[PDB]
Amino acid sequence: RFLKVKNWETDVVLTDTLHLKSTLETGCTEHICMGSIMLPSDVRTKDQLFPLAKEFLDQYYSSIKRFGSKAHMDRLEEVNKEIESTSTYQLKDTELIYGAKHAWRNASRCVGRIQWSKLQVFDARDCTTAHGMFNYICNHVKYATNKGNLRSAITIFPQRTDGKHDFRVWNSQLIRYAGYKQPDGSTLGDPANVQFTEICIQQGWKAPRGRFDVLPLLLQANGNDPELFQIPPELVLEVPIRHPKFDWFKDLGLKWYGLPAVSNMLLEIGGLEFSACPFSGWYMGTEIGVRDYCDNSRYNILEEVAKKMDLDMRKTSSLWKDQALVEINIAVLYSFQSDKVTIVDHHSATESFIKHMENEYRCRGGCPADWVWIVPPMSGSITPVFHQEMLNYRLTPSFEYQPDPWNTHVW
Amino acid sequence: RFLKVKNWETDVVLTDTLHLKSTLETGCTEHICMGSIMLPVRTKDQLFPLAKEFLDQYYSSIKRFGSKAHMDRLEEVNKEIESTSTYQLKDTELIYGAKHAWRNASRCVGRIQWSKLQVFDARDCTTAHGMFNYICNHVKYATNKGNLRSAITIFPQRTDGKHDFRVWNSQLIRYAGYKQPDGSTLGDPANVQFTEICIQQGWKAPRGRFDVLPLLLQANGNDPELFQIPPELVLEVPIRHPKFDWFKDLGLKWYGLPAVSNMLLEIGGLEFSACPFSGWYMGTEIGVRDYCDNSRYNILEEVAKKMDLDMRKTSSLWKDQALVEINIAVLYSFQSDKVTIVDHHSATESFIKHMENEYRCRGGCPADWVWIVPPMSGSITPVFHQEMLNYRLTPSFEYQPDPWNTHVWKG
Ligand code: HEM
Ligand code: HEM
Ligand SMILES: Nc1cccc(CNCCOc2cccc(OCc3ccc4ccc(N)nc4c3)c2)n1
Ligand SMILES: Nc1cccc(CNCCOc2cccc(OCc3ccc4ccc(N)nc4c3)c2)n1
Ligand SMILES: C[C@H](O)[C@H](O)[C@H]1CNc2nc(N)[nH]c(=O)c2N1
Ligand SMILES: C[C@H](O)[C@H](O)[C@H]1CNc2nc(N)[nH]c(=O)c2N1
Ligand SMILES: [Zn+2]
């Protein structure tokens with residue numbers, strides 16, 4: 001029960017003991033593996049809250065090498081008394097920062113975690129209105145963008161109380177392009193965002209109806225109806241996409257935004273639930289060039305790119321999609337790099353992740369990792385993670401999925 | 001209890017009930033997923049329940065469940081077990097069992113073809129020379145002058161584990177690999193260890209880059225014996241590129257028939273330790289893995305050099321570019337020579353159609369996403385967005401230890 005993972009390219013074998021600290025459940029059983037299910041899985045009772053807080057404070061005080069000290073037992077008693085009375089408790093700033101960094105550290109689907117300890121945490125727990133949320137989010141965006149020298153950051157709004165007063169960012173990311181269904185057939189802009197784009201229109205947003213319309217923010221504070229806000233465009237850094245060899249590539253009129261800032265997840269620390277916690281890093285090139293541009297249910301530009309390359313598109317065995325897919329991803333990396341916007345290629349990120357895995361096995365005893373998500377969506381086997389066995393398990397603090405608010409919100 | 005899988009590109013949802021028929025264990029638990037782990041003597045006691053389960057499935061499939069033929073066969077097998085400690089499958093049962101071991105192989109993307117398997121019964125074989133003869137006839141039938149036909153040849157089942165039949169090769173046709181004194185490798189690095197065994201058994205190695213290995217065949221537990229497949233039975237394809245005239249000058253070639261020979265076939269508790277089977281190649285097996293795995297022929301750099309790519313930094317995607325071209329050349333060469341091959345786009349599309357058909361008529365289709373998704377261009381194939389459930393059904397193909405690690409040498 002001290003499990004081992006082998007890298008079949010290098011024969012390196014690592015021994016995992018961290019998984020024994022795992023608490024939550026994976027969804028698999030001994031009879032069925034759900035490793036390719038996207039999603040397995042209101043208020044917390046006074047009961048289950050205190051074990052969750054004790055577990056978290058136990059790991060916190062071990063990490064500052066004060067396990068079982070005066071401070072540890074005192075803090076444990078202090079939180080114990082607050083829960084007894086108020087039926088919740090508040091984290092100290094130090095514990096908030098530690099918990100946010102470790103929710104990233106524990107995100108088994110994230111290939112970017114070698115950076116987990118360089119996270120800028122913005123405490124927004126004093127926020128009360130959507131206007132205030134807009135202010136905090138503009139400041140996040142500006143800090144994280146840093147004129148193209150991107151910096152990781154998370155902004156943490158007040159924790160859930162009774163489930164009636166939730167803070168929520170209704171956007172799935174802070175910056176995403178609008179999507180419009182056409183009266184005849186296809187889709188203008190981003191198809192992934194068609195329902196959200198229509199919620200914003202069905203709310204007051206006067207859509208410019210272009211290909212790359214930056215969506216407004218739709219912010220919900222304290223359970224009230226959400227409110228529309230327009231991110232100042234000078235805060236939205238964008239990269240025109242061109243190709244270092246093909247001049248006609250500019251003429252496709254493509255761009256993308258520099259800042260990936262996921263805003264629909266829930267952050268759990270010591271049993272406390274932060275339903276609004278937008279966080280941001282920097283892109284891996286394939287996130288734009290493989291998924292955002294070439295998914296059939298997304299921008300789906302493979303057709304026209306291959307045409308402009310004059311490729312034989314009459315049979316799949318010409319690999320015309322594979323050829324186009326590569327050039328697109330060369331262009332994305334070339335454009336970001338030319339404009340001095342931070343970006344990492346999938347070869348560099350996966351190599352970093354293997355090094356991070358080694359570090360975590362050495363200093364922490366393990367690293368939970370979800371092969372299905374860690375391997376990039378192109379050129380999988382020529383990246384080092386393809387040949388790396390990984391163990392997937394759920395540690396806390398964590399980032400979790402949560403329902404879309406428009407399915408829940410009492411309007 | 002029913003389970004659902006979702007295709008996230010098409011929103012098609014399917015319902016799996018077949019997983020309830022699952023007997024064997026997956027390696028996962030409620031707290032850890034072993035989904036990316038490459039791999040996570042039987043007495044009369046445990047055998048009749050295995051036989052009875054198999055015969056129930058067999059007689060259900062021919063619509064005679066509970067018939068007098070069914071009950072008589074059950075009694076016949078029971079008496080044969082308690083009196084001889086094993087039993088013999090009928091020819092009909094052997095054919096059904098082999099086809100369903102393929103149908104159940106959750107890592108195989110080519111399973112739409114499962115019911116068109118040619119089964120050769122070699123259970124009357126007694127010597128290595130006889131094994132050589134059966135295998136020659138298999139290779140000839142399967143190759144069919146390039147119009148490849150799926151086939152399996154089944155040698156006698158295990159008795160006391162001291163009399164195993166084994167094919168010591170990992171595939172029937174594979175190229176030798178030679179470690180040089182200077183540390184370099186000539187030929188296929190994957191086959192260095194097996195090549196050394198062959199030479200130690202008296203094989204005279206040509207010491208070239210594409211030497212077909214000899215067959216090393218073990219009958220009835222005796223020491224294995226060397227045989228040379230007649231070269232006119234080994235169909236090979238010179239690899240050239242439809243636009244790069246210089247590609248032929250790399251001197252590459254590959255064999256047409258992929259024929260896995262180291263697995264164990266389990267049917268009704270019986271264990272067939274020598275059961276070589278063959279189909280036809282998916283292009284990426286050769287052009288991504290066999291040629292571009294760092295621990296294989298690893299020709300990426302020489303192709304990149306001859307394409308004059310920017311190899312200074314990885315973010316130029318020179319590796320991705322060279323990988324697509326190599327895979328174009330593999331498919332082009334096979335199609336030009338009329339040797340059956342399938343590209344990864346066609347094969348994954350067929351698999352989805354196969355999977356949906358299996359959900360309708362069978363109630364499920366066990367599938368291992370980690371293996372089904374191709375090793376390049378993953379997300380532009382339809383399996384990437386397909387949720388899959390993995391579980392173990394019997395009849396099955398299993399891994400088994402390499403024979404040189406367990407064989408007791410006669411001398
Ligand atoms: C700094 C550079 C980063 C890179 C290059 C990176 C890369 C990635 C990629 C490529 C994915 C796959 C997502 C997809 O395919 O849609 C992912 C998942 C994820 N990332 Fe990171 N990431 C970074 C930073 C961060 C940060 C700062 C956080 C939070 C503090 C974070 C949390 C996550 C989570 C929770 C997931 C999985 C979401 C889920 O379970 O669906 N990442 N990452
Ligand atoms: C007819 C065309 C076939 C195609 C295109 C095909 C394709 C594939 C591919 C690409 C893999 C993964 C290979 C790898 O990356 O190593 C695989 C796995 C597998 N195939 Fe098929 N296959 C075919 C026929 C067959 C047949 C005839 C059998 C047996 C009767 C079979 C049994 C298996 C098994 C057991 C695996 C799992 C291997 C493992 O667990 O290591 N396949 N197949
Ligand atoms: N639900 C739905 C609904 C319809 C279609 C789809 C498409 N199928 C999966 C969508 O994809 C996801 C899913 C979940 C999370 C996600 O984002 C995670 C993430 C987090 C942090 C990052 C930091 C930096 C960076 N560069 N990337 C990051 C990505 C994407 N999904
Ligand atoms: N031990 C070692 C040692 C060092 C390095 C490696 C590298 N890791 C090799 C993985 O490679 C495999 C593994 C297992 C099976 C396999 O073949 C499966 C197969 C079966 C039937 C087919 C029928 C048709 C067809 N077209 N393909 C088939 C493929 C490859 N391994
Ligand atoms: C570590 C990992 O499980 C291993 O490299 C697997 C990944 N997926 C694969 N998929 C296929 N088709 N073939 C393989 O050999 C592998 N290898
Ligand atoms: C069906 C499958 O679970 C789904 O498509 C997953 C597969 N792997 C992925 N991997 C990453 N990085 N991102 C994704 O959205 C997905 N989607
Ligand atoms: Zn699992």
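Here is how names work: the chains are called A, B, and so on, in the same order as the sequence lines, proteins then strands, and each is numbered from 1. The analysis underlying the following values was restricted to heavy atoms, covering all of them including side chains, and did not include hydrogens, waters or symmetry mates.
The choice from A:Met390, A:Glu327, A:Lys4, A:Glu351 that makes the most heavy-atom pairs within less than 4.5 Å of chain B is A:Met390. Here A:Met38 is the residue among A:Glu9, A:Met378, A:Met34, A:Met38 with the most heavy-atom pairs under 4.5 Å with chain B. With chain A as the partner, the residue from B:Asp368, B:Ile37, B:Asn294, B:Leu331 showing the most heavy-atom pairs under 4.5 Å is B:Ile37. Top candidate by heavy-atom pairs under 4.5 Å with chain B, chosen from A:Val344, A:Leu24, A:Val375, A:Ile343, is A:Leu24. Per-residue counts of heavy-atom pairs under 4.5 Å with chain B were compared for A:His19, A:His387, A:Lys321, A:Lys6; the largest is that of A:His387.
Using a 4.5 Å cut-off between heavy atoms, B:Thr381 makes no contact with chain A at all. A:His31 touches chain B through backbone and side chain together, each having a heavy atom under 4.5 Å away. Only the side chain of A:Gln337 comes within less than 4.5 Å of a heavy atom of chain B; its backbone N, CA, C and O stay farther away. Both the backbone and the side chain of B:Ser377 come within contact range of chain A, with heavy atoms under 4.5 Å apart. Using a 4.5 Å cut-off between heavy atoms, B:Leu300 contacts chain A through its side chain alone, with no backbone atom that close. Using a 4.5 Å cut-off between heavy atoms, A:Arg298 does not touch chain B at all. Both the backbone and the side chain of B:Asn327 come within less than 4.5 Å of a heavy atom in chain A. Neither the backbone nor the side chain of A:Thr10 comes within contact range of chain B; no heavy atom of the residue lies under 4.5 Å from a heavy atom of that chain. Using a 4.5 Å cut-off between heavy atoms, A:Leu325 touches chain B through its side chain atoms alone. With a 4.5 angstrom heavy-atom cutoff, B:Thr314 touches chain A via backbone and side-chain atoms both.
The number of heavy atoms from other shown groups lying within 6.0 Å of CG (A:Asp310) does not exceed 12. The environment of CD in A:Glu304 is crowded: more than 12 heavy-atom neighbours from other residues, nucleotides or ligands sit within 6.0 Å. By the 6.0 Å contact criterion, NZ on A:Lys181 is open, its count of non-hydrogen atoms from other residues, nucleotides or ligands being 12 or less. The number of heavy-atom neighbours closer than 6.0 Å to CD of B:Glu285, taken from other residues, nucleotides and ligands shown, is above 12. Within a 6.0 Å sphere centred on NZ of A:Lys307, heavy atoms belonging to other residues, nucleotides or ligands number 12 at most. More than 12 heavy atoms of other shown residues, nucleotides or ligands fall within 6.0 angstrom of atom OH in B:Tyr399.
Considering only heavy atoms from C-beta on, A:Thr26 stays 4.5 Å or farther from B:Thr29 through its side chain. Residues A:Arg291 and B:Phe384 meet the side-chain proximity criterion, which asks for heavy atoms closer than 4.5 Å.
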Next item on the list: Check the pair B:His345 / A:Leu319 against side-chain contact (heavy atoms from CB on, under 4.5 Å), numbers first and verdict last.
Entry: CA-CA 8 Å; B:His345 300 287; A:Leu319 307 200; 4.1 Å; yes
Next item on the list: Go through the steps to decide whether B:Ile328 and A:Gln323 satisfy the test side-chain contact (heavy atoms from CB on, under 4.5 Å), and finish with yes or no.
Entry: CA-CA 10 Å; B:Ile328 292 176; A:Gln323 236 160 4; 3.4 Å; yes
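For the residue pair A:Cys33 and B:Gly35, the shortest heavy atom distance occurs at SG-CA, 4.2 Å. The minimum heavy-atom distance between A:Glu30 and B:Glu30, with the atom names listed, is OE1-OE2, 3.6 Å. Nearest approach of B:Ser379 to A:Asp295, heavy atoms of both residues: O-OD1, 4.2 Å. Across A:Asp345 and B:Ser315, no two heavy atoms sit closer than the pair OD1-CB, 3.6 Å.
Side-chain atoms of B:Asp320 and A:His346 include a donor-acceptor pair closer than 3.5 Å.
With B:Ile32 as reference, A:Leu3 is the one residue of A:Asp16, A:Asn392, A:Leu3 to meet the side-chain contact (heavy atoms from CB on, under 4.5 Å) rule.
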